[PDB]
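Structure first, then comments.
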Amino acid sequence: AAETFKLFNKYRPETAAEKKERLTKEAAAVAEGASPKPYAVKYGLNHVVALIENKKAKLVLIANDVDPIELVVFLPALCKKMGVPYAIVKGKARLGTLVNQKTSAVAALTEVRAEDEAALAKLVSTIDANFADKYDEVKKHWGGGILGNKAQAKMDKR
Amino acid sequence: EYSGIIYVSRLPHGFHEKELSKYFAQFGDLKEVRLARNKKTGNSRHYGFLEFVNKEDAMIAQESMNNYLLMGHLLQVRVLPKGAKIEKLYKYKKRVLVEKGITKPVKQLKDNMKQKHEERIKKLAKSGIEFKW
Amino acid sequence: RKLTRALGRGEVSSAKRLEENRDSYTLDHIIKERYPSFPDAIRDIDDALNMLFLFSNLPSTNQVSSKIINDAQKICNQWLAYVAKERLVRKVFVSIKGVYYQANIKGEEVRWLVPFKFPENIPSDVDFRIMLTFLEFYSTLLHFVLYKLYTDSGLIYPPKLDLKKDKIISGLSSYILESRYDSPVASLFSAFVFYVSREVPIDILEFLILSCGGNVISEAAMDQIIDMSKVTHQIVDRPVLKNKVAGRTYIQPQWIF
Amino acid sequence: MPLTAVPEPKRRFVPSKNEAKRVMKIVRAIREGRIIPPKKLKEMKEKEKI
Amino acid sequence: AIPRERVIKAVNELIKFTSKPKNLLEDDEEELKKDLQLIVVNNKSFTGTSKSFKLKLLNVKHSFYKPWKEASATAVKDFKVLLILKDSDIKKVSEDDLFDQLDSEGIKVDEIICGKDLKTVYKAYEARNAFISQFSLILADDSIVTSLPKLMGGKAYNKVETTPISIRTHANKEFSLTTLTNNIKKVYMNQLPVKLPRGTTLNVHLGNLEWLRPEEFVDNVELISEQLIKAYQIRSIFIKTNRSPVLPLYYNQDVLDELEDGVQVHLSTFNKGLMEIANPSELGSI
Amino acid sequence: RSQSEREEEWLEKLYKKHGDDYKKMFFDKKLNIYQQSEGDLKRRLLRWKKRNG
Amino acid sequence: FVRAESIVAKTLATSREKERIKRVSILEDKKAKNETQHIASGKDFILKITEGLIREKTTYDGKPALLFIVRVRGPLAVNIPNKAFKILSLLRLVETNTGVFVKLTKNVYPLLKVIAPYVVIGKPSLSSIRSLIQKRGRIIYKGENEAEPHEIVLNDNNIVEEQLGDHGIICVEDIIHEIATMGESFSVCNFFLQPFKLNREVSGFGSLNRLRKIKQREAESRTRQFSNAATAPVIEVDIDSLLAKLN
RNA sequence: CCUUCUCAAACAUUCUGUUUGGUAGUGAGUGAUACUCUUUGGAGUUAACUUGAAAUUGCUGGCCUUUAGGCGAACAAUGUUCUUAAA
């Protein structure tokens, strides 16, 4: 998680003030007398879902604390079915920091600068080894059967 | 069953015997830490072995660092089967060259060059090339 | 709170933008209602000057910053330069705590204490959180009082800092007073040129000599990268002197005092 | 292969058009004196605060 | 030095030998079978006991990269040129300027990179190798070359065409396009690079046998050998195509003759600086 | 319906660099920033020429 | 707990710094023996940085000068090697935010190229020297009867007369004279004053102080530049303004 | 979870030219043609090719100074030491 947010923090979208300043500089240049495509993290639930089913997202971070949890329950399954790497990241307020929003349910990386192409591939492999291949058998098991002390003392022992 | 020896692979630059020992001594007492290096020049081969005094310490050291993303590398730590000693991993250093020789006298050394030239000239005759002098 | 939120989110450009768009309070109306007239300001200028001269001779630490001390020192130097220019010093008293100067500002007697220029030992007991507020009030009080005093006398305010003369001694003489007596003390030392030696503190002696009508050729001022032509006196503090050239009068500092 | 065969729009390959319109709106506002250019603003904050 | 007739006959014999007599594309053995090489050996190492990553530029009468680029039209790999420049001089020159002052002579600079590009976008080993291995001539700024071995790696310096050539781009301590263009032309059509090893054997790549005429090759050999004779103590010179027996050209035995207290304690200069900053003089001398 | 100043400058540059070759103005990455078909380029350039001469 | 990345970073950075020091030392050894045949450059360059920030690249004379060296925090993730630590130890510069007066000569110059990343150097003015001595003056003086190692402030000239009176120094202002102009007794008073305790530029971790730290570090990439090369010039800056910040 | 030697001279005016010096690499693995020396043990060189920053253990090279350093530096030389990059 600490290595994932080092790559995702280098493609943070411009804030309103920075974008306004950049546009006003161009406007002031024009008023007196050929650029490459930008790169940023993709967010928004519908936008990221549309990206996933078009096979454009290279890595999708899904928050684990969406209050209407049904907004993201289909997302790991859609990512696995469509062959898109995904990771469940702890904290929806932390995904919004790299988005300049208070919260963000999801985040995604579609295109990356050529300097960070190797880092994204290594991160995808790391998540595949640490997250996908590690939890793919226990992911499909019912959870939450934790027993309290006053209950485990009288059931497990007896 | 298992041994107390863990094999670590995909090590970054600058993570050598001393660094490996210093990091892995926090998981328990160590008995041997060796790193693979090139013989001709002392340079990490990016893998090594190290043995714990406690066999059950190697399992914990393997479960927590088997997929560690460090310096852009995915560390590969795995415990070896029963037995499987570690040996023959010397700590080589960069080999400087020594300029020694010219034991033969200059007369014989100069006379051998002429006969080498003649034999070289005669050699190419049998290879479908005509060359004079 | 908003700046803390800005930094905590990892967005530094917005934090800089927030700090650019901020305005602090001003104590102008408070000073006006505390002192409806200039004489009341001259009445409280005593303790105002005491606090400022304490902060002027003080090392910068975690709580009190370098800029605060620099502002206090600038105010103190401006005040000393004005008092020396107008020749208003009436009494002086050298004590074990510092030097007390009493001047005649607009018909009022103003007495302030200047500590000796020695390293200070800051006690952890004291609360600089209160002294900083007191200094913040006193600095504005002096800003207004100094503007009024300079403009009533026809001088230009704020005085221009002579960066060349500031690099050698950095005192009251560093400020040049452009434009646009009634007491015998202001006439003393008129036809005198003093050669201030190294031993005697130049800061508390050049001010006293200039405020009477004298001229100072400090010996400590020739250490950077004259030849004593018109000197008539020399202030020494060595146990034994070396040259003893004829013509000059050799004195100890207390004579001036 | 993806779910649908919708063609790729042409706006994903060429520079932004909404930003072009916004920049031209700012240009029109600058020419009318409603927006002071950043250089002139930087000039005005180095002349009064004394 | 070497009589012209011997070199002419050697080149003719190599041409005859190289072509004595299913596959779509020629393999490595067939592709570079006709490459010509001049072996020069002296007594003792060429560059002393220190490794030298700099290329010696030997003057040639006929251009070496012109037939290369001309014959690269019908080859799978194009002849590209890389120009490595300083960080501050990367904006003073554009592709249009080099196009204006280089197309009139036939030279095309394919890529212009900075030293900052070698540590951000070509940092990864695979990307760096893929980028570097597509160039046949790498011209590096004179100031930046000395820090290149770390930024370009060691695989770049295992070949002669992938190792940078140091060219001057500064006139009167400022960047001038005229100096850069003149040096580019000079290297392109007046010189040939060669690595100086710390052994006795040195190899000069004279180019493919199909590029220049046999007389154009003998005229370059006669000059390169003369320069190497003047510059070093070389004892023998051979000529060969690749995977061919060496043909002797030069032979010189006459070189083998060169193979057989109190305060002041005379302390070193570092200790001389140490003694000036510490009063308790307590050096551990004797 | 008259053209704008910036459009006229863009068509100026296109005509001065390529002339009446619409296929090259279509494939030019520096002047055809918004990749526009040959028909649109021809129509706008014809309007510009008609207005100017 | 010590994470692996810290250890790897320390090893890599210290290995780079050690190679830098070895290169500088070999170059200075070659220049000292007048063996300047296969060296990059034989000239002792000095770079003067002044603030809109201009650079002067001038050849150093043999003339002695007066420098005030301030001990700043060195490169991150670097353990100080033996050479640099030895030089800083004889200079009594191990505590950060600490300054010392040194006399630059032909032999001091090679030392400044070894400890360059750990210090900031420049020539102070008379006002800076006077304010520095009169605001931060320390001495190791005996306590009541037994405790020697108290480090006390220079409050009176009686202690200076007791200690340095034989050499003719009877007051602090005579130490200022022997330091501003390098005299016969420069060393005696220089090793009597002991290193100065300066004030760090930004001290705090609140939001205002954290952004002050960000702005201060952002300007450090343009003022204290180190080329990591053997022929690197000794960087000299405006010490008067820095001491205005640090006093 | 650090970030890489980004140049110096000497001569001469053809908006610049000539000469000299400065460059130590990720590892593993294919692969010839040839050269020099040899203590005949291999030491230094010579085309070309493959690759996620890839990995499963090559007995111990030699000389010098020691209590790890130099051979790219010899009356020469060695990080776990800075701590407001704090909590």
Tell me, what does the Kirkwood hydrodynamic radius of the protein assembly as shown come to in angstroms if you use every pair of distinct C-alpha atoms? 38.9 Å
For chain E, size of Cβ-based charge dipole, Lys and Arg +1, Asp and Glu -1, in debye: 380 debye
Which parts of segment C:217-257 would a label at residue C:188 reach, counting a residue when its backbone N lies under 13 Å from a point 7 Å out along Cα-to-Cβ? C:253-257
Volume per residue, Å³, of the convex hull around the alpha-carbon atoms of segment A:1-148? 149 Å³
Which three numbers, in whole Å and largest first, are the semi-axes of the equivalent ellipsoid of segment B:1-48 derived from its Cα gyration tensor as √(5λ)? 20, 12, 9
List the residues whose amide H sits under 5 Å from the amide H of residue E:235, counting only those 5 or more places along or on another chain, with H placed 1.01 Å from N in the peptide plane. E:41, E:42, E:43
For chain E, the Cα-Cα pair-distance distribution in 10 Å bins from 0, as whole percents, is 5, 23, 27, 21, 12, 6, 4, 1, 0
Given Cβ point charges of +1 (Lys, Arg) and -1 (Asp, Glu) and nothing else, what value in debye, to the nearest 20, does the dipole of the protein assembly as shown about its Cα centre take? 4560 debye
Quarter of the Cα convex hull surface for segment G:133-247, i.e. its orientation-mean projected area (nm²): 11.1 nm²
Extending each Cα 7 Å along its Cβ direction at residue C:70 and residue E:147, get the distance between those two points in nm, one decimal. 3.3 nm
Inter-site label distance for residue C:227 and residue G:76 at 7 Å from Cα along Cβ, in nm: 6.0 nm
Read phi for every residue in segment B:102-113 and hand back ³J(HN,Hα) as whole Hz from Karplus 6.51 cos²θ - 1.76 cosθ + 1.60, θ = phi - 60°, with x for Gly and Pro. 6, 6, 5, x, 4, 5, 5, 4, 6, 6, 5, 5
With Cα coordinates, the longest principal axis of chain B makes an angle with the long axis of helix B:55-65, in degrees rounded to 10, of 80 degrees
Taking only the alpha-carbon positions of chain B and ignoring solvent, what does the Debye formula give for the base-10 log of I(q)/I(0) at q = 0.17, 0.19, 0.21 Å⁻¹? -0.92, -1.08, -1.20
In nanometres, what is the gap between the two model label sites at residue E:116 and residue E:255, each 7 Å from Cα along Cα-to-Cβ? 4.7 nm
Efficiency by 1/(1 + (r/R0)^6): what FRET value for residue G:182 and residue B:47, r their Cβ-Cβ distance, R0 = 56 Å, to the nearest 0.05? 0.45
If we count other beta carbons within 10 Å of each Cβ, what is the order of B:133, C:112, F:10, fewest first? B:133, F:10, C:112
FRET efficiency for residue G:219 and residue G:150, using Cβ-Cβ distance with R0 set to 35 Å, rounded to 0.05: 0.40
For segment C:54-152, using Cα atoms only, the Rg and Dmax in Å read 14.6, 43
Give me the mean projected area, in nm² to one decimal, of the convex hull enclosing the Cα positions of chain F. 3.4 nm²
Helix F:38-52 sits at what angle to the longest principal axis of chain F, using alpha carbons and giving 0 to 90 degrees rounded to 10? 30 degrees
Dipole magnitude of segment A:1-148 about its Cα centre, charges +1 at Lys/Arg Cβ and -1 at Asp/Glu Cβ only, in debye to the nearest 20? 60 debye
Can you work out the base-10 log of I(q)/I(0) for chain C at q = 0.17 1/Å, using the Debye formula on its C-alpha atoms alone? -1.45
Hey, got the Cα dimensions of chain G along the principal axes, in Å, largest first? 55, 51, 42
Out of B:97, B:69, B:20, any idea which swings most in a Gaussian network model of chain B, alpha carbons joined below 10 Å? B:97
Options E:184, D:3, A:83, ranked by Cα towards positive dipole end of the protein assembly as shown, top entry (Cβ charges): D:3
What are the ³J(HN,Hα) values, in whole Hz, obtained from phi via the Karplus relation 6.51 cos²θ - 1.76 cosθ + 1.60 with θ = phi - 60°, for each residue of segment E:140-157 in sequence order, with x given for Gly and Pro? 10, 4, 5, 6, 8, 4, 5, 9, 6, x, 6, 6, 9, x, x, 5, 5, 8
Give the long-range amide H neighbours of residue E:165: residues separated by 5 or more places, or on another chain, with amide H under 5 Å away, using H modelled in the peptide plane at 1.01 Å from N. E:138, E:139, E:140
Which percent, to the nearest 5, of DSSP beta bridges fully inside the protein assembly as shown are antiparallel? 75 percent
Please list the non-local residues whose amide H lies under 5 Å from the amide H of residue A:91, H modeled 1.01 Å from N, same-chain partners needing a gap of 5 or more. A:64, A:65
Mind pulling the angle between the C-alpha long axis of helix D:18-31 and the longest principal axis of chain D? Nearest 10 degrees, somewhere in 0 to 90. 20 degrees
Whole-Hz Karplus couplings 3J(HN,Hα) for segment E:102-115, θ = phi - 60° and coefficients 6.51, -1.76, 1.60, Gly and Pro as x, run 10, 5, 4, 10, x, 9, 10, 8, 6, 9, 10, 10, 9, x
Farthest towards the positive end of the dipole of the protein assembly as shown, among C:177, C:231, C:216 and with Cβ unit charges of +1 on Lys and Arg and -1 on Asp and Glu, lies the Cα of C:177
For segment E:153-286, what is the convex hull volume of its Cα atoms per residue in Å³? 305 Å³
Based on other C-beta atoms within 10 Å, arrange E:97, C:127 from fewest to most. C:127, E:97
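Every residue, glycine among them, receives a Cβ derived from its backbone with ideal geometry; neighbour counts consider all protein chains shown. No value in this document is a laboratory result; all are computed from the given coordinates.
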